[PDB]
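Heads up, the thing below is written out as structure tokens.
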There are 4 protein chains.
Amino acid sequence: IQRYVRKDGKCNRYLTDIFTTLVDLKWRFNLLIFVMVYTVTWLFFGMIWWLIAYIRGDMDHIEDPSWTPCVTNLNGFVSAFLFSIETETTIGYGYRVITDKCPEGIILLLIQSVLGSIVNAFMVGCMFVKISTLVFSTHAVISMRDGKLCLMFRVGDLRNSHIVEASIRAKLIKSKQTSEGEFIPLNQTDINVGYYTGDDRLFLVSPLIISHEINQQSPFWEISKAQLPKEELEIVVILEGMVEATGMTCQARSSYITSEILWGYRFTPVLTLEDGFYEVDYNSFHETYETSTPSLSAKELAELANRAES
Amino acid sequence: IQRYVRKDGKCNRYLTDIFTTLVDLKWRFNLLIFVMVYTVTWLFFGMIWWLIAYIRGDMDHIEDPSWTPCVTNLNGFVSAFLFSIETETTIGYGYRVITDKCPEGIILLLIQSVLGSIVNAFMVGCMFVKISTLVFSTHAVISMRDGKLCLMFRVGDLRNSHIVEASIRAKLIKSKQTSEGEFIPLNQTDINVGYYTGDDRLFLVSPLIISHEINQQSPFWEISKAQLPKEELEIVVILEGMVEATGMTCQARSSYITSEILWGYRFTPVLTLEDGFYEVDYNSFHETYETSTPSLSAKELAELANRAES
Amino acid sequence: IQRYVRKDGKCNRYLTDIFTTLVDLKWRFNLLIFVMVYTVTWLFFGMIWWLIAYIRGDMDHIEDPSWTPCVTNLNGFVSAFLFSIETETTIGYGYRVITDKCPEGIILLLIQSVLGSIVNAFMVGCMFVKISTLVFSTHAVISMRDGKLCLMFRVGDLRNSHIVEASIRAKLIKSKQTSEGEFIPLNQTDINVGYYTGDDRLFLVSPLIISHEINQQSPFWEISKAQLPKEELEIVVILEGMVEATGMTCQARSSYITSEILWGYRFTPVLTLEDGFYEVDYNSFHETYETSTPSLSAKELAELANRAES
Amino acid sequence: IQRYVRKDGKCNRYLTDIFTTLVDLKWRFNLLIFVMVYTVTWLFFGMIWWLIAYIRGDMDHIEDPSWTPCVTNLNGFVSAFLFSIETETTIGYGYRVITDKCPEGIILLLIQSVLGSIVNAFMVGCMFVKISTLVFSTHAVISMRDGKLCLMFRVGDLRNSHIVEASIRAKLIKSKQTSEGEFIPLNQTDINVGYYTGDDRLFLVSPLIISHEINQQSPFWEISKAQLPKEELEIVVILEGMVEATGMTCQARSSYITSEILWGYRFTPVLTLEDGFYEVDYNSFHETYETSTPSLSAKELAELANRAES
């Protein structure tokens with residue numbers, strides 16, 4: 001596409017996967033499907049019972065002789081759904097005699113019991129799996145901090161709750177042409193976010209600015225304001241944080257195209273102490289303000305520094 | 001609050017969230033709620049079942065004249081809750097006929113069956129999730145050790161059962177002022193407790209003093225004894241380890257403020273080995289005993305060594 | 001063997017183990033064995049009942065007298081499987097009485113009930129455990145990249161969903177000869193695929209070329225194009241990554257024997273770019289087209305470059 | 001103790017942990033205890049039913065001339081354990097009267113139902129939790145490898161399964177003495193078994209000799225053969241591996257002592273080729289032989305080599 005990975009976390013005929021994702025449903029949808037399957041099974045078994053009643057429908061409905069046709073289930077009407085409910089739900093009341101010695105399809109009862117236990121097991125499994133928030137800045141910025149040009153992207157958690165001890169990874173994807181003439185459509189170069197020093201794992205208790213220093217080994221070493229607009233480089237940032245309870249790393253992914261990166265601006269502070277509690281403005285959490293950042297190349301700035309040292 | 005993370009492990013209208021907290025309950029609380037929901041279901045079902053026979057309940061309670069006004073039940077006005085218990089718990093005794101041929105409403109027993117299965121499934125699921133110790137020094141200290149100024153804090157296991165694969169990470173939170181003049185309220189800079197050499201990952205069999213050397217890279221590089229009181233920088237130290245008995249990872253957080261960071265001290269001995277075993281005293285683990293350590297800063301101590309070189 | 005680890009992922013009387021793998025069965029096989037075992041348990045219960053009633057199967061069956069050799073149950077000798085189905089499935093219809101005076105032993109019912117509960121409990125857990133792809137290029141290649149010789153192997157995600165957070169680890173197993181004189185049959189030397197730089201934890205949208213630079217530290221540092229056929233060195237590469245949809249860890253072992261690792265070839269581009277249209281074809285993933293890669297030994301080539309520099 | 005951690009993996013009043021130990025039982029023990037629990041529940045309820053027989057023992061209990069002393073359950077004798085089995089496991093027949101309209105309390109049925117459901121749920125949960133190989137060389141050896149002194153300890157997996165990512169970590173515990181005169185009784189100093197080079201996650205298809213080179217940073221940098229016995233160094237090695245089929249992490253802990261470390265010893269090849277195919281001999285795993293090595297210290301050896309080369 002134009003943008004490789006979208007800003008939310010997405011990059012840009014099967015009868016088994018539908019069953020797998022059916023367990024991943026809202027509780028109301030799950031209970032609704034759970035009642036519907038049972039109702040269908042009861043209705044089908046009741047229809048089966050009426051088909052077994054074709055043998056004795058009119059011969060001795062109330063004659064009660066020594067042999068009434070071959071009475072099975074002792075029910076005189078098509079409303080034998082009572083017998084079906086009692087057999088499936090294992091609540092046989094005996095008002096309807098389970099069966100006579102007459103050779104009916106007792107195997108129909110064998111099917112109801114196994115099917116019910118199997119349907120019940122499936123429903124229990126579906127109930128078991130079903131019952132058992134990070135934000136990045138809109139515009140990553142470039143600013144001059146502590147004598148070095150740096151690339152800054154802010155990270156936070158919108159909710160008051162924060163998933164502490166997060167880890168950050170940054171990958172710059174852009175096309176590279178090598179010395180031999182090899183063209184790689186999507187070259188991936190990792191960005192230092194403190195991995196060497198162990199600074200990747202950090203606390204986000206407040207919204208904080210993740211900083212990549214531009215240096216000789218950095219992918220941006222020779223990036224300058226002059227050519228940064230044209231270059232199609234794309235930055236993709238993945239954040240993995242283990243939740244406070246039953247912690248598991250959740251991948252919060254964002255992207256920054258050359259348009260989103262801004263030169264000469266830096267994020268505007270989000271923390272201000274009032275009455276011992278630090279006001280956190282999520283409205284200004286993304287907002288960036290102009291700073292006096294040199295427009296020369298980072299390598300050019302280093303060369304100017306060495307010239308000054310002499 | 002002025003102190004960011006407290007010493008214990010804490011930093012300083014929803015139907016689903018309360019339901020999630022309810023599954024996380026004591027065993028006694030869980031069995032109590034499990035019996036209470038069933039009792040409510042049985043009582044409600046008894047009342048609703050009583051409503052169906054209201055027309056024939058007084059018409060012929062025991063008269064049964066020529067089997068007329070069939071009640072769709074053989075139950076009497078009082079203690080008809082037995083029919084509710086039989087329907088919900090699937091005992092299905094035939095003393096009271098579940099449903100007479102007279103139709104009335106047979107859908108009441110369908111509702112009871114689905115509700116009972118659903119309530120049973122939810123209770124089983126809540127029961128399934130329910131069934132299925134590190135300590136830090138009160139005061140961190142600084143002393144001269146092995147020719148280098150160092151910062152030490154005790155880390156111990158309260159229970160004799162060991163915690164394997166303990167990893168210790170220390171992050172110092174203080175407000176940095178950049179060269180540009182952009183103020184960072186909560187700048188987090190990592191402290192090297194052995195991450196490079198793999199000394200970070202340690203097996204704690206007894207309380208062991210984790211030590212960070214104050215070198216050029218250390219945030220404390222230029223902290224003299226006079227400076228340590230002045231600065232309000234805070235340490236946050238986290239130990240993540242799994243139990244020896246079971247592979248369950250526990251994360252224990254702790255904090256240290258300038259008030260609890262002492263100078264010219266060293267921890268006392270927790271273990272003295274004699275009589276066939278280590279003599280373990282946790283009385284002295286929190287306690288410290290003073291030492292004579294140069295008041296000059298670590299950078300200043302290296303400067304003093306340079307002066308000795310002259 | 002000739003090849004240590006095969007190309008797919010494989011390297012080259014117990015009641016508990018077969019039982020453990022039995023839970024890992026196809027859904028159809030599991031439901032089939034479940035219904036079959038339930039039917040078998042029911043068939044056995046019916047047979048034991050005939051033996052229990054064997055003494056009174058005639059004596060009071062023919063007489064139909066009052067409490068005189070009254071049978072254990074009010075059932076006939078033939079079609080007595082109904083009693084077993086009712087007792088085991090907990091239907092308890094009551095046309096046949098559960099136990100009578102002059103019982104002749106009611107112990108069988110206790111055994112049947114415990115066995116039935118145990119069977120259901122055991123086979124619900126099996127149902128629960130049961131209900132609750134990266135391709136490597138066939139031929140690793142050697143190409144001249146960025147002014148240095150490099151060993152590169154293509155990794156492809158067959159699934160349209162992109163694999164995320166993939167870590168690559170490469171180990172060269174060779175018959176190392178020590179200077180001491182010890183001959184190590186299977187000496188494992190790790191290969192640097194970006195571990196220090198952090199490039200191992202790569203993000204693959206499309207099949208990408210994993211590259212190892214042949215430097216002094218590299219195991220194949222002195223390997224030569226003439227000797228590339230001679231050697232018996234084998235490369236084992238393992239990829240552990242998370243799917244975008246799900247965080248599932250997998251292992252994909254591969255082998256690159258002396259013959260499979262070509263010299264002078266570079267991979268075929270998988271991605272087709274059409275005005276922002278990205279197409280990934282796995283038909284061309286394995287193809288390699290030749291380049292005039294320098295055939296001198298990497299160490300020899302570096303030394304020649306050094307001599308040229310002078 | 002004399003030895004801190006034993007060679008197998010061990011280092012050297014509660015009503016909650018007993019339940020955990022009971023869930024952690026053999027399958028036979030779990031089914032046995034469950035059947036015993038069911039028998040206890042039924043037997044206790046049956047007595048209680050005989051106690052309910054106190055109010056109406058024989059007034060119309062047998063003869064039944066009138067409804068006087070109409071029984072809660074129509075059971076003539078103390079052997080009313082048929083009623084207990086029927087009520088608790090929900091197979092009520094009705095040959096024995098379920099309830100009457102003259103009872104002294106039918107709360108016992110409610111108690112029986114709740115206890116039975118709770119017992120079944122607990123016994124299903126226990127069954128669910130219940131249903132749902134590394135070895136080291138007996139004595140480590142210090143030998144001359146590739147012209148440099150090294151510490152070698154052989155580790156392998158007995159089962160042929162291809163355990164993956166068998167990361168190995170070595171910690172040397174000794175009573176190190178500081179310049180201050182305060183000696184930590186246990187000082188954990190990390191040993192570089194490949195963590196710096198990324199060689200730690202070794203494969204164990206063939207038993208393989210883990211090698212630690214002795215350099216300036218190595219703990220044994222100054223140790224010598226004749227001086228090895230006097231020292232108190234204790235080496236503890238922990239190996240973590242995963243089985244092929246996404247197996248759970250398995251942690252094996254082993255130890256060594258001063259007299260279990262030997263000089264000029266090389267493990268004999270665990271696998272020796274037979275008939276053109278290498279043969280695995282777990283009998284030869286622990287086997288060692290005396291090899292020709294120099295007896296001087298590693299630091300002293302380095303100084304001697306430097307003197308020879310000036």
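Note on naming: chains are A, B, ... as they come in the structure tokens, residues start from 1 per chain, ligands start from 1 in the order shown.
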
Worksheet item: Taking only C-alpha atoms into account, what are the residues of chain A at most 10 Å from chain D, put as a ChimeraX atom specification?
Response: /A:90-94

Worksheet entry | Polymer residues at most 12 Å from residue 98 (chain C), only C-alpha atoms, same-chain spacing of 4 or more positions, as an MDAnalysis selection string | (chainID C and resid 49 71:75 82:84 86:88 90:94 103 105:110) or (chainID D and resid 82:83 85:86 91:96)

Discussion item. Least-squares superposition of chain A on chain C, all Cα atoms, in-order pairing: what RMSD comes out, in Å?
Written reply: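 The C-alpha RMSD comes to 1.1 Å.
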
Worksheet entry | Atom-to-atom span, CA of residue 139 (chain C) and CA of residue 192 (chain C), Å | 19.2 Å

Extract, using only C-alpha atoms, all DNA, RNA and protein residues at most 7 Å from region 293-309 of chain A, discarding same-chain residues fewer than 3 positions from it, and format them as a CSV table (one decimal) with C-alpha atoms, in the first residue's frame.
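File written: result00.csv
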chain,number,residue,atom,x,y,z
A,143,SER,CA,14.4,17.8,18.2
A,144,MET,CA,17.8,18.9,19.4
A,149,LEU,CA,19.7,15.7,17.3
A,214,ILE,CA,21.0,10.0,15.8
A,221,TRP,CA,22.8,9.2,10.6
A,222,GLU,CA,22.8,11.4,7.4
A,223,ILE,CA,19.1,12.3,7.3
A,224,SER,CA,18.7,16.0,7.0
A,225,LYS,CA,15.8,18.4,6.8
A,264,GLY,CA,12.0,21.6,14.3

Practice prompt. Please give the complete set of residues from region 13-213 of chain D that DSSP, run on the backbone, assigns to alpha helix (DSSP H), formatted as a ChimeraX atom specification.
Written response: /D:17-23,27-52,81-88,107-131

Item to complete: With a distance cut-off of 12 Å and only C-alpha atoms, select the neighbouring residues of region 240-247 of chain D, excluding the residue or stretch itself and same-chain residues fewer than 6 positions from it, and output the selection as a ChimeraX atom specification.
Response: /B:164-165,247 /C:9-11,21,238,240,248-253 /D:133-135,155-157,159-170,200-205,253-254
